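Asker: Once you've seen the sequence and the experimental structure below, I've got questions.
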Amino acid sequence: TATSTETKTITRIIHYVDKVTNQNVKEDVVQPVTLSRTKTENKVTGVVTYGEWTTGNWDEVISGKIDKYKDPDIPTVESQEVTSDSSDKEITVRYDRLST
């Protein structure tokens, strides 16, 4: 009965770009969540059993105001539950320059 732990990381990245030029107007926000489960192996029979994975959450991220730009298309990126079935995500928040 040998016990070990398996872990994996699921990540959401938020990008902030100019709507037209696609230049990044803010630093990326990177949200890694590391889930785990127990692994039990009988070394005589070779039988391996796995426990349930933990769960996580990508936190809400408010898109800040940037000088010279209108309000972002997405004012806030919502928090999201992360499970072992979740895939990595990328979200792009877009800012358009003032009309002036």
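Answerer: Sure, I can see it. Residues are numbered from 1 along each chain as shown.
Asker: secondary structure class for the residue in the chain sticking out farthest from the centre?
Answerer: Largest separation from the mean C-alpha position in the chain: residue 44, at 39.8 Å (CA atoms, centre = their mean). Assigned with DSSP: H, G, I helix; E, B strand; the rest coil, residue 44 falls in the coil class.
Asker: any idea how far it is from residue 3?
Answerer: 15 Å (CB to CB, to the nearest Å). Heads up, the C-betas are built off the backbone N, CA and C, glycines and all.
Asker: Which helix or strand contains residue 16?
Answerer: Assessed by DSSP states H and E, residue 16 sits inside strand 2-18.
Asker: next SSE after that strand?
Answerer: Moving toward the C-terminus from strand 2-18, the next element (DSSP H and E) is strand 29-41.
Asker: could you give the angle of that following strand to strand 2-18?
Answerer: 160 degrees (axes from the mean of the first three to the mean of the last three CA atoms, to 10 degrees).
Asker: Any chance you could give me strand 29-41 in CSV, C-alpha atoms only?
Answerer: Written as CSV, here are the backbone C-alpha positions of strand 29-41 (Å, rounded to 0.1, in the frame of the first residue of the first chain):
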residue,chain,number,x,y,z
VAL,A,29,-3.1,38.2,-15.5
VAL,A,30,-2.1,34.5,-15.0
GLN,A,31,-4.3,32.4,-12.7
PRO,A,32,-2.8,28.9,-12.1
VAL,A,33,-4.8,26.4,-10.0
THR,A,34,-3.1,23.2,-8.9
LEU,A,35,-5.4,20.2,-8.1
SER,A,36,-4.4,17.0,-6.5
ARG,A,37,-5.5,13.4,-5.9
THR,A,38,-4.1,10.5,-3.8
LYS,A,39,-2.7,7.5,-5.6
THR,A,40,-2.6,4.1,-3.8
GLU,A,41,-0.7,1.1,-5.2
